[PDB]
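Protein sequences, first through last, are from chains BC and Bc. With the deposited numbering, letter number 109 in the first sequence gets 109, and the count goes up by one each step, no holes. With the deposited numbering, letter number 7 in the second sequence gets 7, and the count goes up by one each step, no holes. Every residue, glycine too, gets a C-beta built ideally from N, C-alpha and C. Since the structure comes first, as structure tokens, the remarks are kept for the end.
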Amino acid sequence: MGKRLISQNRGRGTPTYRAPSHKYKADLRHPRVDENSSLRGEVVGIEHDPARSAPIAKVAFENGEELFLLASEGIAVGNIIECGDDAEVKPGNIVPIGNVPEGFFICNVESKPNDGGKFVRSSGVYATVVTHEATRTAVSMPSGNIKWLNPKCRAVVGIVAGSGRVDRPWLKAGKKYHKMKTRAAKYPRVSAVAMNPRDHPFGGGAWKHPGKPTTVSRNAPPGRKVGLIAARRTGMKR
Amino acid sequence: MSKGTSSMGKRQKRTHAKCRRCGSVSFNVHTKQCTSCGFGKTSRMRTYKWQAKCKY
RNA sequence: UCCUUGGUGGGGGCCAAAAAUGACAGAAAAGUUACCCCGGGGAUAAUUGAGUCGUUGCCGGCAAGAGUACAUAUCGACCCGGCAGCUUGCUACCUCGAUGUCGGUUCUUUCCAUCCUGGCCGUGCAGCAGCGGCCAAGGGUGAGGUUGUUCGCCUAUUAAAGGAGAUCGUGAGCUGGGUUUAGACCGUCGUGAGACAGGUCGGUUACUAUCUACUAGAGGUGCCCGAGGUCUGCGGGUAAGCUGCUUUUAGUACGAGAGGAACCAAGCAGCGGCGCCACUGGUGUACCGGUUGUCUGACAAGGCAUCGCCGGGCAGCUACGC
RNA sequence: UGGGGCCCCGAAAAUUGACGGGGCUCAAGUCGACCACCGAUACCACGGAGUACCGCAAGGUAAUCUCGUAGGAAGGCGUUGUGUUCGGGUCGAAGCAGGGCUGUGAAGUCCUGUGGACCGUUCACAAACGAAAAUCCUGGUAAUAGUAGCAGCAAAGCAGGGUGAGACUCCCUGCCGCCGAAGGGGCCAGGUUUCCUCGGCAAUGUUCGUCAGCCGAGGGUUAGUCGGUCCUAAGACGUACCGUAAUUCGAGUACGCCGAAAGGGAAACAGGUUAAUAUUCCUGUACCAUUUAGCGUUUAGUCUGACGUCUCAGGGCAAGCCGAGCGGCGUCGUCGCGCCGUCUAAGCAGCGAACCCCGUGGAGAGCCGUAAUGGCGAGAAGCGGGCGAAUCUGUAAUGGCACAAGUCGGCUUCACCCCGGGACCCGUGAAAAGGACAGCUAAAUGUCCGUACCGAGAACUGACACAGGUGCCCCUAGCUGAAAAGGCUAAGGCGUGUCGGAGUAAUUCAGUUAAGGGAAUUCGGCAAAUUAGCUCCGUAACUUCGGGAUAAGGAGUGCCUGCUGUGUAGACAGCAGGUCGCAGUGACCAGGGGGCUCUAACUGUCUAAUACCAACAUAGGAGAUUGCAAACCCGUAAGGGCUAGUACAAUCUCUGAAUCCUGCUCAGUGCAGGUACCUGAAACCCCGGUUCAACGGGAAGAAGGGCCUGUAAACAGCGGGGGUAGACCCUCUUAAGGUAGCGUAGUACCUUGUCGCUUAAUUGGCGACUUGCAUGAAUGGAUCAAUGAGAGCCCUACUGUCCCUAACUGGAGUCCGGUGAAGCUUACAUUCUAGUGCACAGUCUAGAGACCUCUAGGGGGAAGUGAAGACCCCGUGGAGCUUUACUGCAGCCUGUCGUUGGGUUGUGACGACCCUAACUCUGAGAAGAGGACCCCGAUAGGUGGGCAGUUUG
RNA sequence: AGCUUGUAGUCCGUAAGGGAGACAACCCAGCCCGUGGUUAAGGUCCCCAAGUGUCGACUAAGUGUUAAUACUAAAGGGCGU
RNA sequence: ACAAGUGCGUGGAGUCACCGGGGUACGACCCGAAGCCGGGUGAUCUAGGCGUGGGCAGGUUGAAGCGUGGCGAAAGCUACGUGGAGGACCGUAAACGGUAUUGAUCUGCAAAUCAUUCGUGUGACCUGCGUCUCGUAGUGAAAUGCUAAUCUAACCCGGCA
RNA sequence: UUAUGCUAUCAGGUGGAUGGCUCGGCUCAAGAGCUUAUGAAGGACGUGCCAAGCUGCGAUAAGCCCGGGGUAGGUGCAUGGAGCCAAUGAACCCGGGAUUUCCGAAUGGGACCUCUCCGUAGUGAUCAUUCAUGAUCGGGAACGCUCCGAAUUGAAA
Ligand SMILES: [Mg+2]
Ligand SMILES: [Mg+2]
Ligand SMILES: [Mg+2]
Ligand SMILES: [Mg+2]
Ligand SMILES: [Mg+2]
Ligand SMILES: [Mg+2]
Ligand SMILES: [Mg+2]
Ligand SMILES: [Mg+2]
Ligand SMILES: [Mg+2]
Ligand SMILES: [Mg+2]
Ligand SMILES: [Mg+2]
Ligand SMILES: [Mg+2]
Ligand SMILES: [Mg+2]
Ligand SMILES: [Mg+2]
Ligand SMILES: [Mg+2]
Ligand SMILES: [Mg+2]
Ligand SMILES: [Mg+2]
Ligand SMILES: [Mg+2]
Ligand SMILES: [Mg+2]
Ligand SMILES: [Mg+2]
Ligand SMILES: [Mg+2]
Ligand SMILES: [Mg+2]
Ligand SMILES: [Mg+2]
Ligand SMILES: [Mg+2]
Ligand SMILES: [Mg+2]
Ligand SMILES: [Mg+2]
Ligand SMILES: [Mg+2]
Ligand SMILES: [Zn+2]
């Protein structure tokens with residue numbers, strides 16, 4: 001049994017591949033609101049979230065539930081946050097996308113109603129509300145897909161704070177090492193051609209090469225699906 | 001530095017303590033189980049058929 | 001013929017024919033390992049050794065002829081017959097419970113098929129200088145650039161700067177440059193693992209000497225009036241020297257000229273040998289002096305820091321000296 | 001002239017040597033004959049043994065029997081015990097050492113000596129039944145050998161006096177020394193009595209020993225205040241649920257509980273005392289907590305606990321240093337210096353620097369500040385007030401000091417404490433217990449555990465009194481000096497990095513110096529040598545503009561006399577004159593430098609124990625999957641990692657900074673998509689068959705394949721032949737014929753390619769050419785400043801690397817006293833030559849030498865010792881790895897059945913549509929979103945080195 | 001080729017004793033023990049028991065003093081004899 | 001199976017024991033490997049992740065920022081002071097690593113240590129303690145390295161004679 | 001008077017074979033066959049006048065009490081000094097009781113801590129029930145039943 005890949009070790013859940021969950025400030029999600037209910041709240045401070053390398057806003061609501069929130073760009077201290085359908089379409093507000101005008105930017109979008117926010121959460125990403133229909137609504141996601149979402153799926157208006165984070169080159173292996181200390185990722189990573197044949201499909205040989213096509217099928221078993229997984233195409237744009 | 005006598009002076013700590021149930025120094029201090037009698041893992045005493053030979 | 005009996009469908013069987021195993025007295029069957037492991041083999045290879053000698057080195061016979069003429073001063077076709085075992089082969093006799101595998105270095109020895117030194121002969125030898133051959137193994141046969149090299153080339157000297165053997169002398173002497181481990185790169189092969197009698201970088205040299213041999217130093221007995229002294233010489237060993245340069249012979253012999261020797265004699269030098277310390281040089285931790293930092297209260301006298309460091313040096317030893 | 005015999009030349013080999021050696025000449029050689037003798041276990045004879053067959057037996061025959069490996073057959077000897085017969089033994093059994101006799105022999109019996117209780121035999125029968133050997137196993141013991149070691153990293157001892165039977169070795173004194181930023185001091189883990197007193201030396205101690213971490217005996221650890229305890233962290237464990245064939249097995253959830261002797265934390269200090277305990281016991285002076293009682297209240301939600309890295313200001317203080325006085329010691333040849341001390345805790349009371357806040361204030365042709373950043377009408381300076389530190393002062397004031405002084409000033413102060421500022425982060429740097437805000441007084445209570453000692457060149461760990469490691473983990477005084485470097489000294493610990501004498505070779509480990517030459521040595525400047533601190537002048541190519549750079553190349557440096565400048569001050573910087581030496585960073589300390597290439601960008605990582613590399617990683621570049629109930633992965637399942645995440649993300653790959661770039665090929669293999677047609681299993685449906693089915697067909701057709709398309713920064717590939725003066729028509733074109741570049745390369749066989757520089761000379765280095773056996777673009781190409789214990793070459797400087805070795809120093813060795821192993825070994829052995837022999841002999845054969853024993857020497861030989869060869873082969877032996885080997889198994893894809901319901905159309909049960917009601921997901925739930933789909937059980941087909949077993953004669 | 005592969009006989013393997021200097025398999029010889037005798041192979045100058053044996057010649061080279069043989073040099077030449 | 005030829009068999013000798021030889025399967029005369037599989041053990045060593053602590057003598061260089069001053073009409077250019085950045089530099093017998101001597105030693109102090117010479121030494125740093133990840137599995141800046149002197153599949157017992 | 005030595009014997013040392021003995025072991029047969037929350041087995045620590053190990057016992061600690069047997073000595077393996085016990089019948093054996101620290105199924109919470117924390121004095125978990133009370137938990141040489149389940153090897157692969 002040639003040795004299991006790094007993905008199989010990660011899936012097993014060993015301490016090398018586990019996230020340092022105690023380092024993070026708090027799970028980010030929209031506040032729980034009953035149907036046809038609303039709550040107000042004010043920002044008490046902009047903190048730093050190690051899980052995302054972006055700011056998060058500490059919001060104190062009207063029922064006294066101090067809840068960490070994902071910070072859209074421009075949110076400040078002493079700003080009022082509103083939730084519900086009756087909430088005004090304003091930056092930093094949590095509203096359904098069915099009330100948002102088409103062409104606006106939203107983030108922390110919910111896959112389902114009362115979801116807590118799944119899509120559009122990285123530092124600086126945003127979504128565009130494309131079309132409104134009775135049962136649906138189209139949102140142009142940061143990837144580019146025109147995802148169709150429920151009209152009641154909440155989202156905070158504005159782009160996510162911390163835009164431009166990847167503009168700085170890393171410039172040094174220590175800087176990326178210090179980022180990866182607070183991450184779950186393994187750093188540094190050895191190339192598979194440098195491995196022995198027991199460790200990787202691509203390892204071994206008198207000279208560094210895979211010896212087999214790097215585009216692997218989608219029907220490959222675990223421990224074989226490496227390289228270019230199920231590629232539609234390869235190479236730079238000719 | 002070597003793997004022989006050089007790194008064998010780091011043996012200033014323990015991995016097995018004297019188990020309560022049997023008085024043998026086999027109680028692992030990390031898994032909380034005696035590897036001789038199985039105290040801390042089971043109520044019964046661990047005994048296997050491979051601890052002796054097949055009786056034929 | 002089919003499981004109590006009879007039937008129906010469907011199976012099982014006897015005899016014969018066909019379908020194939022070509023590895024053909026009949027497995028349904030691809031590689032790689034230098035990351036390798038294990039059991040054995042000198043039943044079988046790299047390795048040294050032995051046998052053989054196609055090949056290699058060295059020769060001989062007959063002389064076809066070239067040499068103005070003239071086989072045999074010199075070269076020696078074709079064909080034939082050898083020696084050596086110093087190149088590569090062939091073989092598988094010894095060794096796989098290991099005979100440490102190339103080259104160099106150190107040291108000793110051996111063969112002559114002699115490069116120089118010694119003695120001769122022939123010449124198409126005037127002299128000088130060659131050319132070929134015979135005797136001869138006492139001595140000499142070096143220093144350097146590339147390359148891991150052997151070999152070979154190249155350099156300047158040199159009388160000449162021969163070859164070969166000793167387990168391709170010599171790793172319980174050394175070195176580790178190459179080849180022959182594990183890592184990695186380049187190129188070429190392979191779908192791949194990986195491979196290359198291709199290249200490149202890196203890569204562990206274990207041992208307290210029992211016996212024998214040699215080198216030196218002693219104790220005994222043997223011989224013998226007891227002891228001492230001085231000698232002899234059965235024997236053993238040697239290279240105890242070997243070889244050049246210059247002057248004289250002599251600008252003579254020879255030669256038309258240029259050019260140009262030998263006998264005898266002398267001095268010096270190269271290497272080797274043996275011995276020595278007046279002189280010169282080295283050391284000289286005896287000794288003397290200067291001086292840094294610090295300690296013993298200051299001066300003085302001392303300790304330590306490689307003899308603290310530096311300068312000088314007697315005796316002794318030693319060569320770079322004699 | 002022919003045919004013959006012998007001999008000669010032809011005829012050269014490596015340790016001295018072989019007719020077997022001596023030697024031999026009308027022979028001791030060769031040829032033709034001859035005589036006599038020697039000489040076997042053969043032959044003859046005699047006596048004997050065994051065997052074969054025959055004979056009833058005596059016995060008869062054997063020229064026609066007598067060798068023998070693998071092996072067959074027969075008959076016997078021996079050990080132990082059973083049945084049975086007959087026995088022996090304290091008037092001495094077995095066993096053991098030697099010897100006589102018998103027997104072919106196995107063996108038996110007997111005798112001598114020792115011994116102190118059992119032992120045989122007839123006839124039969126059984127077996128844990130016979131050793132010379134397995135690198136056999138266990139034990140005992142040699143030779144080596146009184147040898148190596150008791151040396152290298154810290155070379156340490158001497159005199160006097162003791163004790164003692166006994167002294168280099170133990171004790172005292174003095175002298176001389178080692179460490180002195182560790183070898184001293186404190187303690188974690190660990191040890192577990194090693195601690196302390198007494199008595200011994202059989203073993204331990206690398207010697208001895210009266211000594212001892214040893215041996216024997218006894219004694220030693222005292223806590224409200226130091227820790228644990230308490231708190232929670234990473235993370236464990238328990239119960240329940242759920243899963244599992246099942247559990248002691250398993251993820252998650254809920255509730256708990258543990259998790260730190262270096263995190264958080266309620267409080268104690270000074271002196272004394274013992275042989276060993278001490279913030280614990282005693283003296284003095286305190287403080288903290290809980291509960292009970294009296295006197296009244298909440299402010300109750302905050303603050304603190306509670307936070308990273310770098311840098312720095314201000315304040316304090318231990319330690320340190322200087323001056324005056326006072327008290328002892330040292331020195332005292334002359335001088336009047338040198339050393340020690342001159343002490344004072346917590347607790348209690350008081351002041352409070354920065355920062356912050358409050359009341360005033362009114363600042364701009366700008367003002368106030370800091371080391372620095374800065375601050376200001378959104379209100380600066382200034383003036384007041386509040387909150388507020390370390391320390392300091394007063395008391396504690398009597399403790400200890402020989403009851404000897406005991407009183408004062410100043411400087412500095414880390415690395416310790418307080419406080420504040422700034423900068424950085426694609427790092428954001430813990431939580432909880434506890435504590436403060438309503439407490440004051442009184443009394444009582446404050447259990448349990450640890451406490452000795454070492455904490456390491458002798459108390460731990462590595463088999464050890466181990467040159468390692470754990471620990472250099474935290475502290476460490478004077479001078480020099482930047483310094484905690486190195487050197488010299490305190491304190492403190494030691495002369496135990498536990499063998500001594502002796503001074504006489506060679507050789508050896510580590511050092512000092514070496515004339516003249518200066519890499520001629522060598523694979524190669526390996527090693528050694530040079531230089532070296534600080535200030536000043538000056539500093540090239542190239543470059544990514546950061547660097548290179550300490551480039552390179554130079555000058556000065558001590559001591560004394562007298563001064564200057566900055567600073568508040570410590571101290572720092574500078575100048576003039578004089579003067580000594582061979583030498584002024586005088587010792588210690590401390591870069592040699594430069595040029596041209598290859599390679600990798602760099603810092604980093606790596607085969608612990610032969611590879612510190614050019615390999616790995618890296619930032620940078622590019623590609624791929626995935627919209628989250630995702631992609632990818634773990635699990636049998638329950639359920640999970642990524643994930644307290646969400647495309648500026650995670651996962652999977654290739655390449656490897658920057659600069660200039662990255663061309664052609666989709667034929668093969670792979671991947672993705674499209675699927676009109678072909679093929680395509682089972683279930684269902686139809687026909688035949690079956691008194692029912694099995695079975696044979698047909699219809700339809702999923703995934704997958706064929707097929708078509710895209711994809712090379714996917715795996716990969718990118719060519720010959722003829723001519724034309726070699727720039728063209730064509731080739732060879734089963735896709736394409738290698739573009740930019742680079743090129744004898746780290747790739748180049750030919751090969752030491754050819755030319756130039758380098759050298760007297762270069763299989764070398766660099767540059768150029770390049771017909772490239774077999775270069776080439778993210779299988780990345782070229783190139784690169786800086787960096788490199790990387791790989792080559794060259795120049796200068798240096799030198800014992802060398803010519804060519806010498807002398808000297810310390811430790812070994814040699815000799816002596818003590819202690820004291822191990823490894824080779826069938827036997828013998830004083831060898832040398834040649835031959836023979838499995839073709840490499842000290843033992844054979846023939847010669848030659850050799851009196852024996854001992855010491856030192858280095859290693860010729862013993863195919864020296866270490867060791868069932870790791871190279872090659874063989875084994876119907878393995879393992880790992882690979883794949884379009886064989887056969888399978890997980891995973892994944894898809895049809896059918898079940899889960900699984902209701903209504904509608906289009907068809908003859910099939911496909912789609914709609915619904916909620918099962919089901920799924922989310923939330924605590926109201927409810928929201930999907931929804932008869934997905935998941936799941938089974939079955940059918942495909943893909944499938946992801947994984948397994950095998951084969952590859 | 002002391003090579004490799006056959007065939008006939010005989011050997012070693014499994015073969016003593018005697019002799020070739022030693023010699024697995026070359027000659028005598030196949031061998032129960034002791035004694036005596038005579039021979040086999042081969043030898044008789046000494047080493048070593050028995051011939052300084054006999055007859056007729058050759059060799060002048062220390063040739064030779066070597067049956068078989070893995071242990072022993074040819075072609076060619078000699079007015080050597 | 002028709003035929004004729006032949007195969008096998010047929011005119012009564014086996015069975016059961018004791019003492020033996022041999023074949024076959026079982027450990028099968030005795031010893032001898034690498035291995036293959038089941039269940040358990042191990043992260044005191046070493047590799048990696050995480051929690052909480054401790055450390056880095058003494059110097060050097062002098063990034064951004066800030067002050068003042070020059071040069072210009074402006075745009076802008078520029079000197080000094082201050083500043084304290086960097087996977088920066090030198091450097092210790094602090095710590096970590098382990099280059100060369102192919103030195104010492106190689107029946108050692110040591111089953112890899114010692115001397116001199118070396119690389120890093122403010123960070124991808126070193127390290128104490130705690131905790132976690134493991135056998136076809138873990139870890140690995142990737143050597144088939146490490147996972148208790150054991151690694152191309154550990155160790156213990158069992159299958160196993 | 002020849003050392004170092006060689007061979008054979010003898011005496012002695014070192015040594016522990018042979019012989020002899022043996023309270024042990026092995027094998028076979030015949031009986032008997034469960035125990036534990038009324039707290040086991042197993043372990044830690046303590047326990048003796050001088051007592052270190054083993055054995056026995058558990059703060060009543062090589063022991064205590066009662067009924068039966070035995071009767072003159074006893075004080076374990078292990079006949080030492082000094083004492084003690086016993087004719088009020090011990091020691092010893094059989095039967096019935098008492099005591100029976102901590103852990104351990106271990107069970108009030110907790111274990112790197114065989115001890116520790118709370119004491120409101122302990123029925124931990126899963127269960128049956130009338131909610132009075134009761135069951136299961138661990139051990140036992142092998143055997144028995146149920147379920148899961150290899151490979152070496154043989155076929156000369
Ligand atoms: Mg693979
Ligand atoms: Mg069994
Ligand atoms: Mg490899
Ligand atoms: Mg030798
Ligand atoms: Mg036989
Ligand atoms: Mg024996
Ligand atoms: Mg000595
Ligand atoms: Mg000192
Ligand atoms: Mg002693
Ligand atoms: Mg705790
Ligand atoms: Mg590098
Ligand atoms: Mg790389
Ligand atoms: Mg391309
Ligand atoms: Mg050179
Ligand atoms: Mg072998
Ligand atoms: Mg075979
Ligand atoms: Mg396989
Ligand atoms: Mg098998
Ligand atoms: Mg014959
Ligand atoms: Mg025969
Ligand atoms: Mg014979
Ligand atoms: Mg018929
Ligand atoms: Mg500056
Ligand atoms: Mg450094
Ligand atoms: Mg190991
Ligand atoms: Mg086994
Ligand atoms: Mg088989
Ligand atoms: Zn236990």
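TODO: Kindly indicate which residue of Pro31/BC, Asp115/BC, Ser111/BC, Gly78/BC has the alpha-carbon position closest to the one of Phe68/BC.
DONE: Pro31/BC
Task: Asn28/Bc (DSSP reduced to helix, strand or coil) - done: strand
Task: Delimiting residues of the alpha helix (DSSP H) encompassing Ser38/BC - done: Where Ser38/BC is concerned, there is no enclosing alpha helix (DSSP H), given that its DSSP letter is neither H nor E.
Task: Where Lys58/BC falls, given that 16 or more other Cβ within 10 Å makes a residue buried - done: buried
Open item on the list: Is the separation between the beta-carbon of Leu39/BC and that of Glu66/BC shorter than 7 Å?
Closed with: no
- [ ] Report all residues for which the CB-ligand distance to some heavy atom of ligand 28 is below 6 Å; order them along the chain.
- [x] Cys19/Bc, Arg21/Bc, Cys22/Bc, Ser24/Bc, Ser26/Bc, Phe27/Bc, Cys34/Bc, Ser36/Bc, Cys37/Bc, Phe39/Bc
TODO: Might you give, ordered along the chain, the residues of its own chain that have their beta carbon closer than 7 Å to the beta carbon of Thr16/BC, omitting 5 neighbours on each side?
DONE: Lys186
Open item on the list: Between the alpha carbons of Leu149/BC and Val139/BC, how many angstroms are there, rounded?
Closed with: 7 Å
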